[PDB]
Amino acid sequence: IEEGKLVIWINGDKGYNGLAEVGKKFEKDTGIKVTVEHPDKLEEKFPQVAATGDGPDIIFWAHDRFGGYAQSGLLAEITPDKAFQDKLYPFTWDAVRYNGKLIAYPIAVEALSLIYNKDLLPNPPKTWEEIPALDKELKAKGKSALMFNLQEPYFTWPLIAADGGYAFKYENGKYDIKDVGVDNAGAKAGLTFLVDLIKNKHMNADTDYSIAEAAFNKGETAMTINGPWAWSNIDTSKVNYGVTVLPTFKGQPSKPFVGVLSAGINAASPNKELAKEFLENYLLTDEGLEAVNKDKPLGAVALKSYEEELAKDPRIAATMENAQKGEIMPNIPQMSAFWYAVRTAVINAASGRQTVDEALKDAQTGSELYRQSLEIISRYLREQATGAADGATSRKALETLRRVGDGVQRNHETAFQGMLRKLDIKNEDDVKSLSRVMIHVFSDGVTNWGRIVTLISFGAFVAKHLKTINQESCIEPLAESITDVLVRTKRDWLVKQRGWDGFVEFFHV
């Protein structure tokens, strides 16, 4: 990380051009250049690169991912003084506290709303249950009722939570990580309603963020579900739109998760004082937030003075009405594996690969298996690649891999060499495409520990090669891709065989 400049990461749906303008005023006053980037999957890239001491000086994401970053030592503790803290709403500071310390600056409070086309639908439905009949009527007109992103569980969560779904249960001042709430009748009733919309062709299982946005902004669908960042593109489209309360389900409000967009400082940054100056005295001002909000609306900002200025906006009032019906996301380190598992479940149910009951029933053990597997496989691949070593079951599993997995690479080196060579892994897309090789390992229908350890061993073999060709940052996404194949498609087998304890036992001697 280069001293004397700031590199900032923020998601590509936010006002990153507005943020760069704030950076240009910082540069004017200080001479320090501010580079704003919006990499793909930044919420996964950050912990990967920051763990090796690289990455941006400042990272923007909703607060839910920041507890895991903090737990892994990737965030600097921030040091705003009491007078600065008093300028932002207390509940926003609460979202960025982890183990008693403030680990990010809160920026703005986000929640999804119902966005509707007033020309197609001046009187939008109050209930989810009305949407099938409405869609049938609109189809007879060449339109559709509703399109929204079905690929990210954030957007279906309001419906899943409406009748009883929850992430982790909060009691006695803390979340019980052993009590996930998607395997219950309310969560299942909500996901069933969604899958039934798909089955009855009122929605398409493939609809993603870009497709839904294009449909609404071209006037083809009467409704979408999105957050404040989307309003700018709808402004550009000239669609006559309103922002309102989400439909009810079984008479109960939809419960969107509330996210606090937050900015953390990389623990490895040599620029922490510059980062603090930028965030406290340039971004978190009326003029700073205005520049970002003018690019893509932020929602209800954390800064009291500017929140009061904007609060008259009916779209923001609707955002906060939806937010009051939902819950603040947890920020515990399990959230990343939780989202992994719920994303798989919704996509499997929506596509019919699983029933709704099976999909949600799998989620809790899927998240635990993913978190544990990801840690083991990523540690092994990275230590193999670097030559240096950097919880009992995971320790024994890594000791097993150092013997058995190194052993596979010894005994089968000639095949492994010509395997990775014919594949000709030159860039980041080539590495992503290795997930197809991984699926082929199991394509004949057979699963066993030899195949599983061999795939991991080949992953380590490839990871060593990646470092030699200056693609060392691709090791963690390789590890994640192996983990995904195993957990997404072999969960049942891993459970039957007692997971990583069974792995250690199988390869003992």
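We number the residues from 1 along the sequence you see.
Trainee: Unmodelled deposited residues between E171 and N172: none, 1 to 3, 4 to 9, or 10 or more?
Mentor: Gap size class: none, per the record.
Trainee: Looking at the entry, does 353 to 361 or 163 to 171 show the higher mean C-alpha B-factor?
Mentor: The stretch with the larger mean CA B-factor is 163 to 171.
Trainee: If you average the Cα B factors in the entry, which is higher, 87 to 95 or 152 to 160?
Mentor: Looking at the recorded C-alpha B-factors, 87 to 95 comes out higher on average.
Trainee: Going by the CA temperature factor in the entry, name the top one among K325, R343, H202, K426.
Mentor: So the option with the highest C-alpha B-factor is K426.
Trainee: Looking at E375, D135, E290, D406, which has the highest CA B-factor as recorded?
Mentor: Largest recorded C-alpha B-factor: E290.
Trainee: Tell me, lowest, middle or highest third: where does the Cα B factor of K490 rank within its chain?
Mentor: According to the entry, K490 has a C-alpha B-factor in the chain's middle third.
Trainee: Ranking the modelled residues of this chain by C-alpha B-factor as given in the entry, is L114 in the lowest, middle or highest third?
Mentor: Within its chain, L114 is a lowest-third residue by C-alpha B-factor, going by the deposited values.
Trainee: Rank-wise, by C-alpha B-factor, drop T30 into the lowest, middle or highest third of its chain.
Mentor: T30: CA B-factor falls in the middle third of its chain.
Trainee: What third of its chain's C-alpha B-factors does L6 belong to: lowest, middle or highest?
Mentor: Lowest third, going by the recorded CA B-factors of the chain.
Trainee: Would you please rank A51 by its C-alpha temperature factor against the other modelled residues of its chain and give the third it falls in: lowest, middle or highest?
Mentor: Tercile = highest for this residue's CA B-factor.
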